[PDB]
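**Student:** Following this message is one structure expressed as structure tokens.
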There are 4 protein chains.
Amino acid sequence: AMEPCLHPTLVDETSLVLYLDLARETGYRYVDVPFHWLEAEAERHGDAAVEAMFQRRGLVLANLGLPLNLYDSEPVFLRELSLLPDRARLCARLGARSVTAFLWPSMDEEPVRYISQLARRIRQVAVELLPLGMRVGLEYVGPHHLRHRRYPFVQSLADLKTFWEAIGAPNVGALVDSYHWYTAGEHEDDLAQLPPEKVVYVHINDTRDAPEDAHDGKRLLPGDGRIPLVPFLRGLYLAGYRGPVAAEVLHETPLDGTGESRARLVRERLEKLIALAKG
Amino acid sequence: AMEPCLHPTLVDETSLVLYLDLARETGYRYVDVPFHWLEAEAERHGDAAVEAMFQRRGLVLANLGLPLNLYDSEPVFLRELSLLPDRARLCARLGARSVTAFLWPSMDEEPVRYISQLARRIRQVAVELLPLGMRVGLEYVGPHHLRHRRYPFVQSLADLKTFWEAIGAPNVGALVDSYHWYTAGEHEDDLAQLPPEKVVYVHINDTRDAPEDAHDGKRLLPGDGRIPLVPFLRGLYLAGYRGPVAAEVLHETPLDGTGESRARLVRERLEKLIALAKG
Amino acid sequence: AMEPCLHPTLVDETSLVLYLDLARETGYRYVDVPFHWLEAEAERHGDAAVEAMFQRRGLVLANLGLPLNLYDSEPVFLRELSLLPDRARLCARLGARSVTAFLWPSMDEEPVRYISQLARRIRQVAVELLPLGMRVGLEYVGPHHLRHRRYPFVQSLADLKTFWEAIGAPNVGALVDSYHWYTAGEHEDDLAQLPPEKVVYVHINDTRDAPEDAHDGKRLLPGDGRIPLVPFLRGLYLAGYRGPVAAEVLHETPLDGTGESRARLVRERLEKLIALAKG
Amino acid sequence: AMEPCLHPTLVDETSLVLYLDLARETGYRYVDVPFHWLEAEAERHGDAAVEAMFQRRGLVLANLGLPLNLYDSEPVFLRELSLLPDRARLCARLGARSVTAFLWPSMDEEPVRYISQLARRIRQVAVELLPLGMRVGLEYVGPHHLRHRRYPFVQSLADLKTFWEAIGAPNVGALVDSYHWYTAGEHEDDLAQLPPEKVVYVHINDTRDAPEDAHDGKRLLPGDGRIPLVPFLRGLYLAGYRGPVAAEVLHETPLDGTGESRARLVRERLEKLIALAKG
């Protein structure tokens, strides 16, 4: 089934132990946890202890945020790429099937250099992941205030699909965030026509701003705004997506309420959104 | 977690509806269902109805038995290969992450022909599956009575690992069956030293026959025989396998009891085996 | 080692037989011929005859100008791609080891859409040429007047090198033109430090214009201008390039003297420049 | 089109300079040279000098005998593999477009272990040669006395063709030997129906023995035996092969006449056979 997934931005919580406790307590099964959190624990207590935290609580790791920097110098990049398989296997064991990263909507660097190197490194990343049966989902970023550097890059799903050709790796798709689908002015049918395997991971959230205005860093809880979230989910559902939907609510200032009431409220809100979209 | 998975041979049951009912009723979540069963339903009632049968019962499809014949004529093979992606996507939606097939331990055909064509077609199969994040697990077959054709093929995990090189596809591993691990005279450490992603799917079962004697077609319920099943599981567990373990108990004659008592008894037996192996 | 190659730009001759007669009579071995003249003579006479023509005259085809349009619609590009292997085979028989294309130094199309699709299409051309032991030499274009479309593309070897990363094909190299090397303000060692198989084909020509002034369609014969041509061929030589070096002198207005004079004179100043290069 | 190539088996000459002098003096363009003689002369004199030697004499290296052992230990095979690209580059400069190896028609090693590893290793050799526009010509061996090891391997073109499927590399073809074509009881059209790029290199020789009798180390000069050689070259010709045709006459006992006589005589009977072939 499509299911609600807890995300760190929803709750005011930095302790790994307590974050996982909050997920269980508020009735989630899927948790999004950044890899540095898991790595900090693996180092202190070994990989098996980390798996025990998830399995003692009935939790499944939703995803692995790519743990390298696609813009490093070549020697650092290659080094971090060598380390990716073991980091990916640890996350597979905790339930993740996907590794994700976002793409900048604009940049100051010369296109042929920036785009070509980035195509090749993403390909290398995707290739290290083929033995593990994992896909790369690339988040296209839609808000307009990120477009004012010198040259355009990816600003939409249509853009992202042409960028797949540069990469040329069979296991590369999309992380689809409502915020970016909204800000890019896309339609339910843009998402419905994706092959299922190309919907790698999904974010949900909201805004009362018009597409041109909405700020990437100033988001609302799913359902406190104007984004058509039932058509968003429905489209993903008709695509054939059947996994976690995380409420990534990036914000600059304290969100309203407590970590706990927020977690429970959005779980409830998303189960209802998800059942309306199935319809 | 490693979990028990129901297999069709355990129960005396040919109706899809009732087989799925038996899985729920006997407390399983993972079910092994051959694809022809699911296809027969998809044809009568459309793909969505098939997904509804699993989701209404809390069930997850464990695996997809490769739905083509690796030994057909080229035009039929190519045709069935074209149809594999949509069949694989339907099974992904029901929860399967793996597509499997077994290899003959001996054959009458000339080696260079038989082995080369088979390497190339498995590669083609594995390649169609890279976009879906799915792995191919190849079952090595250990019993000795299948070795008396003209030429040897794969009879063990060590053999299978050399055959991976012929295939040259990054998402190809093993379906590990205790029956074949036993009959091939392998050790817990053979399985522990596998990379996790190479343990694609797992079968469990038993026998009172010595390795040289055991018949492929005349198996016993997990725990009614002499195969060291705790070291079998433990090895798979230390490899890093965290999925379904199916009791494939091929038999020529009625197994002892009812379908229901068998299903419940082996679930119980495997949860206990699995907890001893974790230890 | 390196040898002079007749380019059509040198001669008035627009008939294949007469062109080939002139190459013979002016001393050349290596002839560059536009592909259409060869498709055309293979239509009237047949494959056997075009081969007969060359060999009778001691002649070897230097190259094949990529006979398709890399910017066309997808269905038309695919058709021409499908035709490419037989055309490349006919050119292999005549001695062509290379297939070439130039890149636009600027474009109005959005960078992500343009760069990705063009990388993927060159990749497809390259894959089709792998069974034939043939390489793609991509021509980077340097002149400054060509750089005033909306977005920048390839303008230098350094740029071309990063573009090879997008393409991601083992058999893709450079067509190095003296006009472009000079107008890109490159150095002899930029050439020297290339692996020899990355130097696919070479053009040579001159200008009295500064690097920033020199015009694409208004070139001169080599040894009539300001470009250091001896360092040009010494960098190629030390890189390990060994085939034909063609005098591509594009011009809007007639080069004085006859075709027979320029042609014969070019061979001679080419041989001497190539001794000076070679120590 | 096709042209005669001096093979060492023809001449007493065991010194590279003297061998090359003889090819010149006996009329040849295409010379086959064992690689060690070239590694050896590139040690005393240097890369520049071995190139100088050839070009001064109007000579072109036909081929490179694969300078490694495909059956060695893994670490030793990998080292020699790593050395292969520079050795192949030095041979490219001398005009070699091909790299060749023969296959054993039988072996004692288990088929799965032997075939898989050897397919994967030839695949690795082929991948290293893709950036250089070079192909692998694999020599199938036909004589019947070679077929009495424990398991059968490649004995015919038909077999070799299926072996290419295991290897799965776009640049791998055949070394076609008249001795093997005859002793495999093949037909002219078996050759004709090959794509031209699959004909990598060609050996020619004779025997008075029947197909079933003829011995591998006991061959004759071409035009001294019972093999239809004109249909041999017409099938190659119509396949589209255009390079050197080498007289490999392995022998345990001296061929009568001098080296200078056999060498000169071979060129002549080769040219005439090649006219008869060509219609």
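Going by the structure tokens order, chains are called A, B, ..., each with residues numbered from 1, while ligands are numbered from 1 in the order shown.
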Neighbours of segment 254-268 of chain B within 6 Å (only C-alpha atoms; same-chain residues fewer than 2 positions away dropped), as a PyMOL selection string?

**Tutor:** chain B and resi 4+11-12+26+270-271

**Student:** Can you superpose chain C onto chain A by least squares over all C-alpha atoms paired in order and give the moved copy as an mmCIF file with C-alpha atoms, in the first residue's frame?

**Tutor:**
```
data_model
loop_
_atom_site.group_PDB
_atom_site.id
_atom_site.type_symbol
_atom_site.label_atom_id
_atom_site.label_comp_id
_atom_site.auth_asym_id
_atom_site.auth_seq_id
_atom_site.Cartn_x
_atom_site.Cartn_y
_atom_site.Cartn_z
ATOM 1 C CA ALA C 1 -0.262 0.479 -0.170
ATOM 2 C CA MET C 2 1.174 3.971 -0.008
ATOM 3 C CA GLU C 3 1.899 4.676 3.656
ATOM 4 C CA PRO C 4 2.803 7.777 5.741
ATOM 5 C CA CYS C 5 6.538 8.242 6.631
ATOM 6 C CA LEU C 6 7.886 10.329 9.533
ATOM 7 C CA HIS C 7 10.306 13.031 8.282
ATOM 8 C CA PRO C 8 12.620 14.769 10.786
ATOM 9 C CA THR C 9 11.360 18.209 9.697
ATOM 10 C CA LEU C 10 8.135 17.228 11.495
ATOM 11 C CA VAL C 11 9.673 16.735 15.010
ATOM 12 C CA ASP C 12 11.883 18.492 17.540
ATOM 13 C CA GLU C 13 13.356 14.995 18.278
ATOM 14 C CA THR C 14 17.099 15.064 17.312
ATOM 15 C CA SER C 15 18.101 11.722 19.040
ATOM 16 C CA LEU C 16 17.745 8.526 16.965
ATOM 17 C CA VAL C 17 16.257 6.370 19.765
ATOM 18 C CA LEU C 18 13.807 9.078 20.778
ATOM 19 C CA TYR C 19 12.828 9.783 17.142
ATOM 20 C CA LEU C 20 12.226 6.060 16.621
ATOM 21 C CA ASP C 21 10.206 5.876 19.863
ATOM 22 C CA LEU C 22 7.978 8.707 18.604
ATOM 23 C CA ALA C 23 7.365 7.096 15.196
ATOM 24 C CA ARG C 24 6.282 3.982 17.106
ATOM 25 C CA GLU C 25 4.143 5.849 19.513
ATOM 26 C CA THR C 26 2.499 7.973 16.760
ATOM 27 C CA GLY C 27 1.581 4.878 14.662
ATOM 28 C CA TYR C 28 4.076 4.922 11.771
ATOM 29 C CA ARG C 29 5.827 2.019 10.135
ATOM 30 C CA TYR C 30 7.951 3.999 7.672
ATOM 31 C CA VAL C 31 10.564 6.315 9.150
ATOM 32 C CA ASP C 32 12.925 8.646 7.243
ATOM 33 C CA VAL C 33 16.268 9.063 9.122
ATOM 34 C CA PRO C 34 19.237 11.216 8.039
ATOM 35 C CA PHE C 35 22.081 8.861 7.267
ATOM 36 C CA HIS C 36 24.532 10.444 9.703
ATOM 37 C CA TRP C 37 22.331 9.462 12.651
ATOM 38 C CA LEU C 38 22.630 5.864 11.401
ATOM 39 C CA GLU C 39 26.398 6.062 10.687
ATOM 40 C CA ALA C 40 26.736 7.578 14.147
ATOM 41 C CA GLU C 41 24.689 4.815 15.991
ATOM 42 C CA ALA C 42 26.513 2.118 14.012
ATOM 43 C CA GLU C 43 29.775 3.572 15.425
ATOM 44 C CA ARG C 44 28.971 3.474 19.175
ATOM 45 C CA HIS C 45 26.830 0.297 19.145
ATOM 46 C CA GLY C 46 27.453 -1.616 15.878
ATOM 47 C CA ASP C 47 25.583 -2.940 12.852
ATOM 48 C CA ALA C 48 23.605 -5.606 14.752
ATOM 49 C CA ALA C 49 22.203 -2.960 17.204
ATOM 50 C CA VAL C 50 20.898 -0.424 14.687
ATOM 51 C CA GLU C 51 18.974 -3.344 13.023
ATOM 52 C CA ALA C 52 17.774 -4.459 16.524
ATOM 53 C CA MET C 53 16.501 -0.901 17.297
ATOM 54 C CA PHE C 54 14.206 -0.843 14.139
ATOM 55 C CA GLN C 55 12.834 -4.331 14.128
ATOM 56 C CA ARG C 56 11.965 -4.204 17.849
ATOM 57 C CA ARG C 57 9.811 -1.172 17.042
ATOM 58 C CA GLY C 58 8.164 -2.553 13.864
ATOM 59 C CA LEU C 59 10.073 0.102 11.840
ATOM 60 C CA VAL C 60 11.376 0.192 8.214
ATOM 61 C CA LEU C 61 13.850 2.770 6.848
ATOM 62 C CA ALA C 62 12.147 4.614 3.966
ATOM 63 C CA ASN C 63 15.270 5.806 2.117
ATOM 64 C CA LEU C 64 18.935 6.735 2.066
ATOM 65 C CA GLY C 65 19.912 10.326 1.386
ATOM 66 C CA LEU C 66 22.905 9.865 -0.974
ATOM 67 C CA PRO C 67 25.859 10.118 1.444
ATOM 68 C CA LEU C 68 28.339 11.945 -0.803
ATOM 69 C CA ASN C 69 28.707 15.220 -2.623
ATOM 70 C CA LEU C 70 28.117 15.016 -6.384
ATOM 71 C CA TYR C 71 29.813 18.442 -6.950
ATOM 72 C CA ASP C 72 33.045 17.705 -5.077
ATOM 73 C CA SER C 73 36.616 17.341 -6.444
ATOM 74 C CA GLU C 74 37.197 14.101 -8.419
ATOM 75 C CA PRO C 75 39.467 12.340 -5.860
ATOM 76 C CA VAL C 76 37.126 13.133 -2.962
ATOM 77 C CA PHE C 77 34.057 12.106 -4.993
ATOM 78 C CA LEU C 78 35.678 8.755 -5.967
ATOM 79 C CA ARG C 79 36.550 7.999 -2.293
ATOM 80 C CA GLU C 80 33.000 8.569 -1.104
ATOM 81 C CA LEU C 81 31.756 6.559 -4.090
ATOM 82 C CA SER C 82 33.984 3.709 -2.995
ATOM 83 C CA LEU C 83 32.437 3.916 0.480
ATOM 84 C CA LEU C 84 28.876 3.986 -0.905
ATOM 85 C CA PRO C 85 28.281 0.209 -1.334
ATOM 86 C CA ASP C 86 28.759 -0.714 2.352
ATOM 87 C CA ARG C 87 26.540 2.171 3.437
ATOM 88 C CA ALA C 88 23.880 1.210 0.984
ATOM 89 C CA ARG C 89 24.078 -2.425 2.232
ATOM 90 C CA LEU C 90 23.507 -1.355 5.869
ATOM 91 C CA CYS C 91 20.486 0.647 4.670
ATOM 92 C CA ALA C 92 19.153 -2.312 2.561
ATOM 93 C CA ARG C 93 19.049 -4.372 5.792
ATOM 94 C CA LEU C 94 16.980 -1.722 7.475
ATOM 95 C CA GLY C 95 14.523 -1.756 4.537
ATOM 96 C CA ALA C 96 15.748 1.154 2.350
ATOM 97 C CA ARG C 97 15.191 0.294 -1.374
ATOM 98 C CA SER C 98 16.059 3.816 -2.586
ATOM 99 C CA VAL C 99 18.881 6.322 -2.623
ATOM 100 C CA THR C 100 18.099 10.027 -3.400
ATOM 101 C CA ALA C 101 19.621 13.343 -4.390
ATOM 102 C CA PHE C 102 18.312 16.693 -5.435
ATOM 103 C CA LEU C 103 19.348 18.727 -8.425
ATOM 104 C CA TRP C 104 20.014 22.515 -8.497
ATOM 105 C CA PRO C 105 17.599 24.378 -10.737
ATOM 106 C CA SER C 106 20.332 26.775 -11.753
ATOM 107 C CA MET C 107 24.099 27.089 -11.738
ATOM 108 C CA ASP C 108 27.010 29.439 -12.576
ATOM 109 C CA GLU C 109 29.265 26.695 -13.972
ATOM 110 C CA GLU C 110 29.366 26.269 -17.716
ATOM 111 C CA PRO C 111 26.515 23.867 -18.844
ATOM 112 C CA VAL C 112 28.596 21.506 -20.841
ATOM 113 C CA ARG C 113 31.140 21.058 -18.019
ATOM 114 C CA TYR C 114 28.443 20.876 -15.309
ATOM 115 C CA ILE C 115 25.857 18.695 -17.007
ATOM 116 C CA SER C 116 28.331 16.200 -18.440
ATOM 117 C CA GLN C 117 30.268 15.615 -15.293
ATOM 118 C CA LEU C 118 27.142 15.386 -13.140
ATOM 119 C CA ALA C 119 25.500 12.902 -15.573
ATOM 120 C CA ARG C 120 28.615 10.708 -15.493
ATOM 121 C CA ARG C 121 28.834 10.852 -11.702
ATOM 122 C CA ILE C 122 25.160 9.935 -11.117
ATOM 123 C CA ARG C 123 25.702 7.164 -13.644
ATOM 124 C CA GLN C 124 28.606 5.894 -11.481
ATOM 125 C CA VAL C 125 26.468 6.027 -8.307
ATOM 126 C CA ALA C 126 23.721 4.100 -10.104
ATOM 127 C CA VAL C 127 26.055 1.367 -11.355
ATOM 128 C CA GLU C 128 27.255 0.765 -7.803
ATOM 129 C CA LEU C 129 23.667 0.265 -6.603
ATOM 130 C CA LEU C 130 22.695 -2.313 -9.375
ATOM 131 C CA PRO C 131 24.019 -5.371 -7.486
ATOM 132 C CA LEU C 132 21.877 -4.375 -4.485
ATOM 133 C CA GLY C 133 18.474 -4.029 -6.235
ATOM 134 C CA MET C 134 18.344 -0.329 -5.401
ATOM 135 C CA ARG C 135 17.310 2.750 -7.312
ATOM 136 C CA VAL C 136 18.322 6.439 -7.526
ATOM 137 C CA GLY C 137 15.475 8.902 -7.033
ATOM 138 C CA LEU C 138 16.526 12.287 -8.223
ATOM 139 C CA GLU C 139 14.562 15.248 -6.751
ATOM 140 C CA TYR C 140 13.608 17.976 -9.280
ATOM 141 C CA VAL C 141 13.226 21.355 -7.559
ATOM 142 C CA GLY C 142 10.555 23.814 -8.796
ATOM 143 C CA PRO C 143 10.497 27.074 -6.782
ATOM 144 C CA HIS C 144 11.064 30.226 -8.762
ATOM 145 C CA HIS C 145 13.415 31.992 -6.389
ATOM 146 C CA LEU C 146 15.972 29.161 -6.973
ATOM 147 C CA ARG C 147 16.188 29.818 -10.706
ATOM 148 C CA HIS C 148 18.301 33.015 -10.798
ATOM 149 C CA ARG C 149 21.848 31.679 -11.127
ATOM 150 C CA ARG C 150 23.613 32.227 -14.474
ATOM 151 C CA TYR C 151 22.384 29.167 -16.368
ATOM 152 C CA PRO C 152 19.245 27.131 -16.092
ATOM 153 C CA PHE C 153 19.223 23.454 -15.010
ATOM 154 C CA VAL C 154 16.375 21.027 -13.950
ATOM 155 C CA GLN C 155 13.101 22.634 -12.907
ATOM 156 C CA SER C 156 10.432 20.158 -13.854
ATOM 157 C CA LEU C 157 9.713 16.523 -14.327
ATOM 158 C CA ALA C 158 9.794 17.066 -18.046
ATOM 159 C CA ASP C 159 13.409 18.354 -17.621
ATOM 160 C CA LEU C 160 14.386 15.599 -15.244
ATOM 161 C CA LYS C 161 13.135 13.058 -17.835
ATOM 162 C CA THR C 162 15.506 14.392 -20.505
ATOM 163 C CA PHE C 163 18.334 14.433 -17.906
ATOM 164 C CA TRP C 164 17.836 10.644 -17.460
ATOM 165 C CA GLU C 165 18.928 10.310 -21.076
ATOM 166 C CA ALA C 166 22.380 11.884 -20.287
ATOM 167 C CA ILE C 167 22.790 9.634 -17.255
ATOM 168 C CA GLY C 168 21.825 6.563 -19.260
ATOM 169 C CA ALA C 169 21.388 4.225 -16.287
ATOM 170 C CA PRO C 170 18.462 1.800 -15.994
ATOM 171 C CA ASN C 171 17.828 2.312 -12.252
ATOM 172 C CA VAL C 172 17.426 6.113 -12.102
ATOM 173 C CA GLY C 173 14.062 7.691 -11.281
ATOM 174 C CA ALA C 174 12.458 10.641 -9.546
ATOM 175 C CA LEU C 175 11.989 11.826 -6.042
ATOM 176 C CA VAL C 176 8.554 13.539 -6.542
ATOM 177 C CA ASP C 177 7.807 16.348 -4.096
ATOM 178 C CA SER C 178 4.342 17.961 -3.981
ATOM 179 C CA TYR C 179 6.092 21.329 -3.417
ATOM 180 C CA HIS C 180 7.954 20.897 -6.733
ATOM 181 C CA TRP C 181 5.070 19.412 -8.671
ATOM 182 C CA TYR C 182 2.913 22.425 -7.721
ATOM 183 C CA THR C 183 5.545 25.144 -8.274
ATOM 184 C CA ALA C 184 6.340 23.547 -11.668
ATOM 185 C CA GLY C 185 2.620 23.941 -12.511
ATOM 186 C CA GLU C 186 2.362 20.249 -13.315
ATOM 187 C CA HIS C 187 -0.807 18.166 -13.781
ATOM 188 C CA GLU C 188 -1.950 14.909 -12.210
ATOM 189 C CA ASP C 189 -1.385 12.928 -15.480
ATOM 190 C CA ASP C 190 2.268 14.031 -15.697
ATOM 191 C CA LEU C 191 2.688 11.791 -12.647
ATOM 192 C CA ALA C 192 0.239 9.074 -13.754
ATOM 193 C CA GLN C 193 2.080 8.365 -17.013
ATOM 194 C CA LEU C 194 5.381 7.419 -15.304
ATOM 195 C CA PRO C 195 6.388 3.738 -15.058
ATOM 196 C CA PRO C 196 6.080 2.772 -11.377
ATOM 197 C CA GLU C 197 9.765 2.070 -10.939
ATOM 198 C CA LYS C 198 10.582 5.655 -11.964
ATOM 199 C CA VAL C 199 8.717 6.795 -8.823
ATOM 200 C CA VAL C 200 11.542 6.105 -6.356
ATOM 201 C CA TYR C 201 10.341 8.170 -3.294
ATOM 202 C CA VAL C 202 7.705 10.732 -2.464
ATOM 203 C CA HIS C 203 7.552 13.892 -0.349
ATOM 204 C CA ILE C 204 4.338 15.689 0.535
ATOM 205 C CA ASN C 205 3.753 19.173 2.054
ATOM 206 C CA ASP C 206 1.700 22.383 1.477
ATOM 207 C CA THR C 207 1.731 26.209 0.869
ATOM 208 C CA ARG C 208 -0.845 29.062 0.487
ATOM 209 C CA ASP C 209 1.472 30.802 -1.963
ATOM 210 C CA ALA C 210 0.751 30.835 -5.700
ATOM 211 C CA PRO C 211 2.909 28.545 -7.875
ATOM 212 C CA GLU C 212 5.236 31.491 -8.737
ATOM 213 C CA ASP C 213 5.573 32.759 -5.088
ATOM 214 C CA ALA C 214 6.024 29.630 -2.916
ATOM 215 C CA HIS C 215 9.479 29.540 -1.093
ATOM 216 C CA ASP C 216 11.706 26.407 -0.763
ATOM 217 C CA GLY C 217 12.541 26.775 2.915
ATOM 218 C CA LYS C 218 9.078 28.015 3.989
ATOM 219 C CA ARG C 219 6.660 25.108 3.549
ATOM 220 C CA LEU C 220 3.585 23.973 5.570
ATOM 221 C CA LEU C 221 2.058 20.744 6.807
ATOM 222 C CA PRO C 222 -0.131 18.988 4.166
ATOM 223 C CA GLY C 223 -3.806 19.883 4.452
ATOM 224 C CA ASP C 224 -2.932 23.484 5.511
ATOM 225 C CA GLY C 225 -2.644 24.988 1.950
ATOM 226 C CA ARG C 226 -3.760 25.318 -1.695
ATOM 227 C CA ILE C 227 -2.034 22.359 -3.479
ATOM 228 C CA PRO C 228 -4.339 19.630 -4.876
ATOM 229 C CA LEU C 229 -2.853 16.753 -2.817
ATOM 230 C CA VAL C 230 -5.511 14.168 -3.631
ATOM 231 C CA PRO C 231 -4.741 14.433 -7.382
ATOM 232 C CA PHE C 232 -1.087 14.296 -6.322
ATOM 233 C CA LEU C 233 -1.402 10.878 -4.690
ATOM 234 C CA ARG C 234 -3.918 9.550 -7.294
ATOM 235 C CA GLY C 235 -1.365 10.246 -10.064
ATOM 236 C CA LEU C 236 1.320 8.483 -8.075
ATOM 237 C CA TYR C 237 -1.092 5.663 -7.174
ATOM 238 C CA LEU C 238 -2.164 5.091 -10.805
ATOM 239 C CA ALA C 239 1.527 5.258 -11.834
ATOM 240 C CA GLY C 240 1.800 2.237 -9.472
ATOM 241 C CA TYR C 241 3.894 3.701 -6.570
ATOM 242 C CA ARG C 242 3.468 1.656 -3.372
ATOM 243 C CA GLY C 243 5.925 2.653 -0.684
ATOM 244 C CA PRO C 244 6.344 5.492 1.881
ATOM 245 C CA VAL C 245 5.085 9.036 1.335
ATOM 246 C CA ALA C 246 7.185 11.420 3.635
ATOM 247 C CA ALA C 247 6.099 14.843 4.940
ATOM 248 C CA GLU C 248 9.235 17.000 4.207
ATOM 249 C CA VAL C 249 8.238 20.413 5.602
ATOM 250 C CA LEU C 250 11.466 22.498 5.591
ATOM 251 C CA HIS C 251 11.091 25.598 7.685
ATOM 252 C CA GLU C 252 13.148 28.502 8.955
ATOM 253 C CA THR C 253 10.713 29.116 11.831
ATOM 254 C CA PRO C 254 9.019 26.712 14.265
ATOM 255 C CA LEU C 255 5.831 24.894 13.221
ATOM 256 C CA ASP C 256 3.327 25.479 16.037
ATOM 257 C CA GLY C 257 2.020 22.649 18.199
ATOM 258 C CA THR C 258 4.406 20.021 19.555
ATOM 259 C CA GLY C 259 6.379 17.421 17.611
ATOM 260 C CA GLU C 260 4.131 14.608 18.949
ATOM 261 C CA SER C 261 0.993 16.453 17.694
ATOM 262 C CA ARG C 262 2.180 17.296 14.164
ATOM 263 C CA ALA C 263 3.583 13.737 13.815
ATOM 264 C CA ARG C 264 0.420 11.968 14.979
ATOM 265 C CA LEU C 265 -1.819 14.434 13.032
ATOM 266 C CA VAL C 266 0.166 14.007 9.869
ATOM 267 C CA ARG C 267 -0.235 10.235 9.834
ATOM 268 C CA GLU C 268 -4.033 10.668 10.007
ATOM 269 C CA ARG C 269 -4.546 13.320 7.334
ATOM 270 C CA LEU C 270 -2.077 11.241 5.226
ATOM 271 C CA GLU C 271 -4.140 8.042 5.514
ATOM 272 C CA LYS C 272 -7.331 9.864 4.522
ATOM 273 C CA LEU C 273 -5.730 11.695 1.597
ATOM 274 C CA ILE C 274 -4.426 8.283 0.532
ATOM 275 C CA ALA C 275 -7.985 6.761 0.646
ATOM 276 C CA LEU C 276 -9.397 9.720 -1.376
ATOM 277 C CA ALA C 277 -6.578 9.155 -3.901
ATOM 278 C CA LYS C 278 -7.222 5.421 -4.135
ATOM 279 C CA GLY C 279 -10.906 5.674 -5.110
#
```

**Student:** Can you tell me, as a PyMOL selection string, which residues in segment 1-227 of chain D count as strand (DSSP E) by DSSP?

**Tutor:** chain D and resi 3-6+30-31+60-61+64-65+98-102+106-107+135-139+151-152+172-177+199-203

**Student:** Produce a file of the selected residues containing C-alpha atoms, as a PDB file, in the first residue's frame.

**Tutor:**
```pdb
ATOM      1  CA  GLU D   3      46.524  -9.324 -49.742  1.00  0.00           C
ATOM      2  CA  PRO D   4      49.194 -11.975 -48.950  1.00  0.00           C
ATOM      3  CA  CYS D   5      50.901 -11.739 -45.488  1.00  0.00           C
ATOM      4  CA  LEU D   6      54.300 -13.227 -44.582  1.00  0.00           C
ATOM      5  CA  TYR D  30      51.562  -7.233 -44.900  1.00  0.00           C
ATOM      6  CA  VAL D  31      53.884  -8.918 -42.419  1.00  0.00           C
ATOM      7  CA  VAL D  60      52.226  -2.898 -42.201  1.00  0.00           C
ATOM      8  CA  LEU D  61      51.809  -5.200 -39.174  1.00  0.00           C
ATOM      9  CA  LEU D  64      48.842  -8.857 -32.672  1.00  0.00           C
ATOM     10  CA  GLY D  65      48.929 -12.306 -31.118  1.00  0.00           C
ATOM     11  CA  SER D  98      43.308  -7.000 -34.760  1.00  0.00           C
ATOM     12  CA  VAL D  99      44.238  -9.018 -31.709  1.00  0.00           C
ATOM     13  CA  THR D 100      43.882 -12.866 -31.816  1.00  0.00           C
ATOM     14  CA  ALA D 101      43.741 -15.996 -29.701  1.00  0.00           C
ATOM     15  CA  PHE D 102      42.962 -19.609 -30.300  1.00  0.00           C
ATOM     16  CA  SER D 106      38.795 -29.928 -25.632  1.00  0.00           C
ATOM     17  CA  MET D 107      39.640 -29.643 -21.958  1.00  0.00           C
ATOM     18  CA  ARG D 135      38.841  -6.321 -32.612  1.00  0.00           C
ATOM     19  CA  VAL D 136      39.400  -9.804 -31.118  1.00  0.00           C
ATOM     20  CA  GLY D 137      39.655 -12.607 -33.666  1.00  0.00           C
ATOM     21  CA  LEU D 138      39.233 -15.902 -31.950  1.00  0.00           C
ATOM     22  CA  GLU D 139      40.692 -18.938 -33.805  1.00  0.00           C
ATOM     23  CA  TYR D 151      35.122 -32.500 -22.296  1.00  0.00           C
ATOM     24  CA  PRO D 152      34.428 -30.963 -25.648  1.00  0.00           C
ATOM     25  CA  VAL D 172      34.742 -10.168 -30.982  1.00  0.00           C
ATOM     26  CA  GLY D 173      35.073 -12.147 -34.216  1.00  0.00           C
ATOM     27  CA  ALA D 174      36.860 -15.084 -35.785  1.00  0.00           C
ATOM     28  CA  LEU D 175      40.327 -15.903 -36.885  1.00  0.00           C
ATOM     29  CA  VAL D 176      39.387 -18.182 -39.870  1.00  0.00           C
ATOM     30  CA  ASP D 177      42.018 -20.762 -40.791  1.00  0.00           C
ATOM     31  CA  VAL D 199      36.201 -11.815 -40.050  1.00  0.00           C
ATOM     32  CA  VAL D 200      39.070 -10.402 -37.972  1.00  0.00           C
ATOM     33  CA  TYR D 201      42.090 -12.251 -39.566  1.00  0.00           C
ATOM     34  CA  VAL D 202      42.729 -15.078 -41.974  1.00  0.00           C
ATOM     35  CA  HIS D 203      45.217 -17.948 -42.202  1.00  0.00           C
TER      36      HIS D 203
END
```
